[PDB]
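All Cβ positions, even for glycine, are placed from backbone atoms using ideal geometry, and neighbour counts span all protein chains on display. Values in this text are rule-based calculations from the coordinates and carry no lab data.
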Amino acid sequence: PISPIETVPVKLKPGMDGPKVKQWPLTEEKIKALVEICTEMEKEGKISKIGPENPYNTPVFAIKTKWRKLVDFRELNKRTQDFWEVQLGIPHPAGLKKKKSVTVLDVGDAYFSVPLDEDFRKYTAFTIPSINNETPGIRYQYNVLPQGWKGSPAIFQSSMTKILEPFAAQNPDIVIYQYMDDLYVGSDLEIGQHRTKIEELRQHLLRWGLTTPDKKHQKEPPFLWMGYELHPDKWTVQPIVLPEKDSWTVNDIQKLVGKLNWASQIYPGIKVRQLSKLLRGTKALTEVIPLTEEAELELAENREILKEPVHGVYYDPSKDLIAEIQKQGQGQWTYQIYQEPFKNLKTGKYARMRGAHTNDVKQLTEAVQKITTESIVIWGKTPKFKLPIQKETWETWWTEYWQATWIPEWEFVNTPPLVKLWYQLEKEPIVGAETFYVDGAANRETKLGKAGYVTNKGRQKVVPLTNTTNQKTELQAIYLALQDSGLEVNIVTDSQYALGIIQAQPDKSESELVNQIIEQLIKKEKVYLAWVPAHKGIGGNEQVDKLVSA
Amino acid sequence: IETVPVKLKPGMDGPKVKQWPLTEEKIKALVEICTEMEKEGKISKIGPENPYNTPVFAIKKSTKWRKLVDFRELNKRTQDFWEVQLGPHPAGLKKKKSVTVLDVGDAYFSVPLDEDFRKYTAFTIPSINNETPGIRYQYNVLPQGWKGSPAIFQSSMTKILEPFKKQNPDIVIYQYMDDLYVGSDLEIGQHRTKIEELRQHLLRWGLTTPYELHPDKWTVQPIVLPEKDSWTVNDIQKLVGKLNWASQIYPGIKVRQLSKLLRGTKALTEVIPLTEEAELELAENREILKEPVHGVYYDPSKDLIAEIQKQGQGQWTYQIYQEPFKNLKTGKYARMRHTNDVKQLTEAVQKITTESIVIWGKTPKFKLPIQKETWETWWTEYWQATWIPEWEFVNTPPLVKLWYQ
Ligand SMILES: C=CC(=O)N(C)CCOc1cc(Cl)ccc1Oc1cccc2cc(C#N)ccc12
Ligand SMILES: [Mg+2]
Ligand SMILES: [Mg+2]
Ligand SMILES: [Mg+2]
């Protein structure tokens, strides 16, 4: 059935004309198939036989029991205007509101049920080949939205929105989601009258030309939908299958982090950090990537968790929204969102370093941020946060932190591991502590170098360093002073690089050196770190410079 | 009744920016506002054959929700039209002792937009959880926030203001976007009266109107050195570092006498008397910082840049410059806290932007000390201006916080 819906006007991209792709010849069986499909389509008004003056063409083919006609609109799609991008995201099951009754209608032949702008039909012309070009072929054109054309999804959705409006207007109880050529209808009517309202909507759509599945012919729960399983009281993902392989390609790993990512929206604890590190060798999708020990342990732990089954619940707007976050170690975080205490709407992870060096509080605040953005998209509000960090810890951090930060309303939940500041630098020099003047240097050519110090108690030292950079040596100088000092030390450096990295107070790094410094700073009681401009003869600094340069 | 033709730059296609997701509360506010704008003819629903999009936000300028459209992308793509083809900044406005800002953006809704250009004003009200395709509109009249609107309405504005500039030749009126900047040298109470006359003159000619500034007091903050009773080695090292930094800017600064006080390898906490030569050198350095810099001129073709630093305790420092080290203006903003970091940054950005508008007639590109997504999420919760400057997010921690302090 074709629609008395009005048509959307369509233009080609300015300065382009219609496609003229020649028709490849076909086997006499495929040619008979198209003749019978095209005459059945001609009868229903979906296409019309055209004169000889149409200069356009698009190749057509056949394939299979039932033969199906397929047209290659690649060249026309390159030439037609842009449309309002159809919906990219999809509804997230954790955002669906709980409903007593739910129905799934598949609109059949959806695109072919919608008229196509008159002036644009000429550019859809195609041709059924004649046997051995003995005579001319049969010219046809479309009068409805072709399958595979660029405009069809957006104009069909447009048309379907308009069609539904009058029925929605006189039924403010029913809720209709549209998605592709489907509609999902929910209500809290008695299943009897809900079966009635469904039958009305079916007839409304059948008047606008939209066939819909006979009741007692329409899908039943649980629904396999976009990788999900939707039961009437709960949802979960479809079963995930992680391959066992002796070797792993770049492509194999991408497929693996993919499925785990997917699993993490309801399976708490999924980790992908060590696995995704492997792909920093972005190369041919064929390059075999030897696995790490940490990547073996990660993947093994994931299989453990995937062994038990999990489910999420649906959303009730009257209940609060709540997010809890727990540390997972090695910079990986995990979170749940729920309204009632063990009934999760969904879960997820957060592991990004986004920088070489970070610390736990910064990562926790980033995790709260990712949840906040996700809650808005999914429910249109932000949750209350339950977080394993005390107000004193977070207040001290966000107050000293040079960057601006938004602290949601949250409550301390006492569930170790808690988030803490493993150390804090002094804000004022330390009296009675030895003052180390540090420096390092390397030859930018030979990459050999040295780190050393000169203190106020008269101690001096120089350590030789191989295959290093000026930057690494400047941290090495600081590391040396930590190693050789008592529990309180004032260090003075001329290195803005090294100052910046320590003042940021990381507790975790990709650098082996920086991890070592961190271990030292924790064991100290008081460290003060101070900066002076290089090569200005300050004193302390001047002597280490002369030392380390000789 | 007749519309002014409007064109985009050569070979430039309209904006296709993504709509940011919104809280249910902001969506319901947008749907009410737009349902009424549709009844009044100001916007109309659009179909899938329009691929253009500009982001929209709900804010409060009061208790009543207001709609704000980010026409930054559409503005860049029309700019010849409204910067060259049409509209002029006066240099005396920064000099007046009072300046009042008047929202006159509602005047634009009296003027039809070129029917061939309306498709470029498309915008989308998003749905929650991608439940439905957003609601899509375009504009029938001149929109607030498009640089074309003041340029098209200019002639009408000149006619309506010409009486008033006759009576008050020494009052300065500058238009930027949806606002009018009105500067007098009058006593404050006379000033607010002169402002009221203009509002009444505006209203009785059919221009509804709903903030006073004092550019007299603005300045470039001079660099300040500590004054202590007893200095330690650490204080002299900080002092030598800051002065070292300041001499990329002021040439005459000297550190020889100061750093001599540190010759040798001394404990950081050790008290160092300020010798006389050192003290006189420091005293000379405090006088050098009193003056301003020498060769620092605004170039109208180059972008203005604003850097901002968090100083803790509600203080934020900022500098506006076009080339590094060559500050056109610097400042410190303070907050009488019930406040938070994002409220404070968001407020500071609007002050700096107003100040920049008054002084030069354009808005600077901000280097903001905040995580992008945190900014993208909360900036509307305190935004009251009707314009939106460009920004980017600096993730390098300024170690120069101490210096501009
Ligand atoms: C089955 C149980 C259930 O979901 N329940 C009790 C509550 C939430 O569900 C809805 C809620 C509403 Cl207000 C409307 C339609 C709904 O149902 C779907 C919403 C979106 C996509 C859907 C996709 C399919 C398929 N295939 C089926 C139903 C969908
Ligand atoms: Mg990262
Ligand atoms: Mg050095
Ligand atoms: Mg939009």
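Take the Cα of B:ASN168, go 7 Å toward its beta carbon, and the backbone nitrogen atoms of region B:346-370 under 20 Å from that spot belong to B:358-359. Return the FRET efficiency for the residue pair A:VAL413, A:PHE342: r is the Cβ-Cβ distance, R0 is 22 Å, and the value is rounded to the nearest 0.05. The pair A:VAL413/A:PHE342 has a calculated efficiency of 0.90.
Fewest neighbouring Cβ atoms within 10 Å first, the residues A:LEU70, A:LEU465 line up as A:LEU70, A:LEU465. Couplings 3J(HN,Hα) for region B:176-184, derived from phi with the Karplus relation 6.51 cos²θ - 1.76 cosθ + 1.60 (θ = phi - 60°), are 9, 6, 8, 10, 10, 9, 10, x, 10 Hz, where x marks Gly and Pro.
Over region A:316-422, Cα pairs under 8 Å with separation of 6+ residues give a relative contact order of 27 percent.
The label point for A:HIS231 and the one for A:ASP182, both projected 7 Å from the Cα toward the Cβ, are 1.9 nm apart. For the pair B:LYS254 and A:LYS384, label points projected 7 Å from Cα toward Cβ lie 6.7 nm apart. The simple Förster model, with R0 at 56 Å and r as the Cβ-Cβ distance, assigns B:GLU390 and A:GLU134 a FRET efficiency of 0.25. Residues of region A:127-150 with an amide N closer than 17 Å to a point placed 7 Å from the Cα of A:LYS22 along the Cα-to-Cβ direction: A:127-137.
If you count, for every residue in A:154-162, the Cβ atoms of partner chains within 10 Å of its Cβ, what is the mean? Each step should come with its number before you reach the end.
Working: counts 5, 3, 1, 3, 6, 2, 1, 5, 1.
If you average over the peptide's residues, the count of other-chain Cβ atoms is 3.
Inter-label distance, A:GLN483 to A:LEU285: 4.8 nm, where each label sits 7 Å from its Cα along the C-beta direction.
Out of all DSSP beta bridges in region A:423-548, what portion is antiparallel? Express it as a percent rounded to 5.
Details: 14 of 24 bridges.
If I count the DSSP bridges inside region A:423-548, around 60 percent turn out antiparallel.
Remark: mean inter-chain Cβ contacts per residue of B:127-140 equal 5, using a 10 Å Cβ-Cβ cutoff to other protein chain atoms. What number, rounded to the nearest 500 deg cm²/dmol, is the helix-based mean residue ellipticity at 222 nm of the protein assembly as shown, given -39500 (n - 2.57) per DSSP H run of at least four residues and division by all its residues? The helix-only estimate for the protein assembly as shown comes to -9500 deg cm²/dmol at 222 nm.
List the trypsin sites (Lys or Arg not before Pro) within region A:258-324 that fall in a DSSP loop (any state other than H, G, I, E or B) and whose Cβ has at most 14 other Cβ atoms within 10 Å. Provide the component values of the computation, followed by the final result.
On the way: sites: A:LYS259, A:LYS271, A:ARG273, A:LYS277, A:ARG280, A:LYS283, A:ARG303, A:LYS307, A:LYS319; in loops: A:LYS271, A:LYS283, A:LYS319.
In loop regions of region A:258-324 (DSSP not H, G, I, E or B), the sparsely surrounded trypsin sites (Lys or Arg not before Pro) are A:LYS283, A:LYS319.
Among beta bridges identified by DSSP and lying wholly in the protein assembly as shown, the antiparallel ones come to about 80 percent.
Here the relative contact order of region B:213-298, from alpha carbon pairs under 8 Å that lie six or more residues apart, stands at 39 percent.
The count of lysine pairs in region B:213-298 that are at least 8 places apart or cross chains, and whose C-alpha atoms lie under 30 Å apart, stands at 20.
DSSP beta bridges fully contained in chain A are about 75 percent antiparallel.
Annotation: amide H-H contacts under 5 Å for A:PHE436 (H modelled 1.01 Å from N, sequence separation of 5 or more, or interchain): A:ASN490, A:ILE491, A:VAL492.
Here B:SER230 and A:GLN516 are evaluated by their C-beta separation; at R0 = 45 Å the FRET efficiency comes out at 0.75.
List the GluC sites (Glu not before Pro) within region A:432-534 that DSSP assigns to loop and that have no more than 13 neighbouring Cβ atoms inside 10 Å. Filter output for region A:432-534: A:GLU445, A:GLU510, A:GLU525.
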